[PDB]
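> Provided herewith: entry-v5.cif, mmCIF, C-alpha atoms (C1' of nucleotides).
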```
data_my_file
#
loop_
_atom_site.group_PDB
_atom_site.id
_atom_site.type_symbol
_atom_site.label_atom_id
_atom_site.label_comp_id
_atom_site.auth_asym_id
_atom_site.auth_seq_id
_atom_site.Cartn_x
_atom_site.Cartn_y
_atom_site.Cartn_z
ATOM 1 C CA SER A 1 -6.567 16.072 29.760
ATOM 2 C CA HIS A 2 -6.906 13.845 26.686
ATOM 3 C CA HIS A 3 -8.355 10.776 28.383
ATOM 4 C CA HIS A 4 -9.171 8.428 25.516
ATOM 5 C CA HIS A 5 -7.937 5.252 23.839
ATOM 6 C CA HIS A 6 -6.754 7.075 20.711
ATOM 7 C CA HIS A 7 -5.571 3.621 19.443
ATOM 8 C CA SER A 8 -2.087 5.067 19.002
ATOM 9 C CA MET A 9 0.110 3.796 21.862
ATOM 10 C CA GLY A 10 3.898 3.657 21.699
ATOM 11 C CA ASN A 11 4.609 0.903 19.201
ATOM 12 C CA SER A 12 6.724 0.762 16.045
ATOM 13 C CA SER A 13 8.997 -2.298 16.195
ATOM 14 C CA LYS A 14 6.140 -4.725 15.579
ATOM 15 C CA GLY A 15 3.452 -5.650 13.086
ATOM 16 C CA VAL A 16 2.120 -2.115 12.706
ATOM 17 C CA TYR A 17 -0.502 -1.529 10.017
ATOM 18 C CA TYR A 18 -3.479 0.576 8.984
ATOM 19 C CA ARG A 19 -6.915 -1.034 8.771
ATOM 20 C CA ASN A 20 -10.084 0.529 7.382
ATOM 21 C CA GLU A 21 -13.708 -0.634 6.997
ATOM 22 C CA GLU A 22 -12.705 -2.440 3.784
ATOM 23 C CA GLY A 23 -10.649 -4.747 5.977
ATOM 24 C CA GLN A 24 -7.594 -3.952 3.880
ATOM 25 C CA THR A 25 -4.332 -3.281 5.699
ATOM 26 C CA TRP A 26 -1.269 -1.159 4.928
ATOM 27 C CA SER A 27 2.202 -1.939 6.305
ATOM 28 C CA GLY A 28 2.957 1.772 6.701
ATOM 29 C CA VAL A 29 6.142 1.526 4.668
ATOM 30 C CA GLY A 30 6.721 2.454 1.037
ATOM 31 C CA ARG A 31 3.477 3.852 -0.296
ATOM 32 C CA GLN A 32 -0.096 3.720 0.979
ATOM 33 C CA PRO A 33 -2.956 1.931 -0.845
ATOM 34 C CA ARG A 34 -5.671 3.777 -2.785
ATOM 35 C CA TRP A 35 -8.131 3.402 0.126
ATOM 36 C CA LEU A 36 -5.740 5.222 2.473
ATOM 37 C CA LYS A 37 -6.135 8.371 0.428
ATOM 38 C CA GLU A 38 -9.909 7.932 0.413
ATOM 39 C CA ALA A 39 -10.050 7.302 4.158
ATOM 40 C CA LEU A 40 -7.869 10.361 4.708
ATOM 41 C CA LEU A 41 -10.153 12.700 2.752
ATOM 42 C CA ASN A 42 -13.148 10.962 4.334
ATOM 43 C CA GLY A 43 -12.650 13.266 7.302
ATOM 44 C CA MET A 44 -10.456 11.103 9.503
ATOM 45 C CA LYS A 45 -6.702 10.914 9.994
ATOM 46 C CA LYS A 46 -4.958 7.681 8.992
ATOM 47 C CA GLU A 47 -3.799 7.373 12.600
ATOM 48 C CA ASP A 48 -7.465 7.019 13.620
ATOM 49 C CA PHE A 49 -7.460 3.519 12.106
ATOM 50 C CA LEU A 50 -3.901 2.525 12.987
ATOM 51 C CA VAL A 51 -3.955 -0.980 14.466
ATOM 52 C CA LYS A 52 -0.839 -2.851 15.560
ATOM 53 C CA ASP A 53 -0.014 -6.503 16.242
ATOM 54 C CA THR A 54 -0.807 -5.638 19.834
ATOM 55 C CA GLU A 55 -4.113 -4.045 20.961
ATOM 56 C CA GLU A 56 -5.568 -5.422 17.726
ATOM 57 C CA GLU A 57 -9.279 -6.025 17.161
ATOM 58 C "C1'" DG B 1 -6.423 -20.913 1.139
ATOM 59 C "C1'" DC B 2 -1.475 -19.989 0.437
ATOM 60 C "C1'" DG B 3 2.409 -18.876 -2.769
ATOM 61 C "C1'" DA B 4 4.203 -16.589 -6.957
ATOM 62 C "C1'" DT B 5 3.629 -13.502 -10.971
ATOM 63 C "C1'" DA B 6 1.535 -9.569 -13.294
ATOM 64 C "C1'" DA B 7 -0.930 -5.004 -13.272
ATOM 65 C "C1'" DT B 8 -2.276 -0.755 -10.778
ATOM 66 C "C1'" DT B 9 -1.350 2.777 -7.388
ATOM 67 C "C1'" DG B 10 1.664 5.857 -4.457
ATOM 68 C "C1'" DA B 11 6.103 8.067 -3.640
ATOM 69 C "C1'" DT B 12 10.756 9.455 -5.147
ATOM 70 C "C1'" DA B 13 14.020 11.031 -8.719
ATOM 71 C "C1'" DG B 14 15.176 13.598 -12.977
ATOM 72 C "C1'" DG B 15 14.043 17.365 -16.375
ATOM 73 C "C1'" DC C 1 5.171 21.428 -12.595
ATOM 74 C "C1'" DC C 2 5.685 17.039 -15.717
ATOM 75 C "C1'" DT C 3 7.878 12.641 -17.059
ATOM 76 C "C1'" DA C 4 10.369 8.402 -15.655
ATOM 77 C "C1'" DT C 5 11.901 4.833 -12.287
ATOM 78 C "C1'" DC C 6 11.411 2.124 -8.038
ATOM 79 C "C1'" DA C 7 8.601 0.191 -4.141
ATOM 80 C "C1'" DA C 8 4.264 -1.528 -2.195
ATOM 81 C "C1'" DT C 9 -0.595 -3.147 -2.784
ATOM 82 C "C1'" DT C 10 -4.225 -5.468 -5.267
ATOM 83 C "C1'" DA C 11 -5.673 -9.087 -8.446
ATOM 84 C "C1'" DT C 12 -4.952 -13.500 -11.187
ATOM 85 C "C1'" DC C 13 -2.850 -18.093 -11.849
ATOM 86 C "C1'" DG C 14 -0.715 -22.255 -9.755
ATOM 87 C "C1'" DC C 15 -0.613 -25.516 -6.140
#
```
Could you take the file, read its structure, and then write that structure out as structure tokens?

Amino acid sequence: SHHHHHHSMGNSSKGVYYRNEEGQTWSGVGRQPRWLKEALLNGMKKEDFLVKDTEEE
DNA sequence: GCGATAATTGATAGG
DNA sequence: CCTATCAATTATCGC
């Protein structure tokens, strides 16, 4: 069984955004910032750094 | 530091 | 596949 945090959860109707080491955040709508592309090719899925208004760090 | 305006970056539309 | 237009993000100016 996949017993981990996964930082995904079931949330969408809230302040959902992507946050990387740069501290920059993406709303998830429209188009992603230049760092999203970099983080994606960095070897990690964008979902791996998906933080919402809830369960936020 | 927060708010608005301008430039760059990403996706969608047209050829 | 390449060029143009619209939408979001990042940076600069104003408060």
> Please find the residues of chain A near chain B - the criterion being any atom within 8 Å, counting all atoms listed in the file - and write them as a list in words.
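Therefore, the residues near the partner are residues 30, 31, 32, 33 and 34 of chain A.
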> Return the single residue from A:37, A:51, A:2, A:29 that is closest to chain C, with distances computed using all atoms listed in the file.
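For chain C, the nearest of the given residues is A:29.
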> Just the residues within 10 Å of residue 7 in chain A, please, counting only C-alpha atoms (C1' of nucleotides), with nothing from its chain fewer than 5 positions along; format it as a VMD selection string.
chain A and resid 47 to 52 55 to 56
> On this structure, the PyMOL selection byres ((chain C) within 8 of (chain A)) would catch which residues? List them as a PyMOL selection string, sorted by chain and number.
chain C and resi 7-9
> Distance CA of residue 14 in chain A-CA of residue 1 in chain A, one decimal place?
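One can read the CA of residue 14 in chain A to CA of residue 1 in chain A distance as 28.2 Å.
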> Kindly give the distance, in Å, that separates CA of residue 9 in chain A and CA of residue 44 in chain A, rounded to a single decimal.
17.8 Å
> Could you tell me how far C1' of residue 10 in chain C sits from CA of residue 21 in chain A, in Å to one decimal place?
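For CA of residue 21 in chain A relative to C1' of residue 10 in chain C, the distance reads 16.2 Å.
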> Could you put an axis-aligned box around every listed atom of range 11-15 of chain B, padded by 8 Å on each side, and send me its centre and edge lengths in Å to one decimal, as JSON?

```
{"center_x": 10.6, "center_y": 12.7, "center_z": -10.0, "size_x": 25.1, "size_y": 25.3, "size_z": 28.7}
```
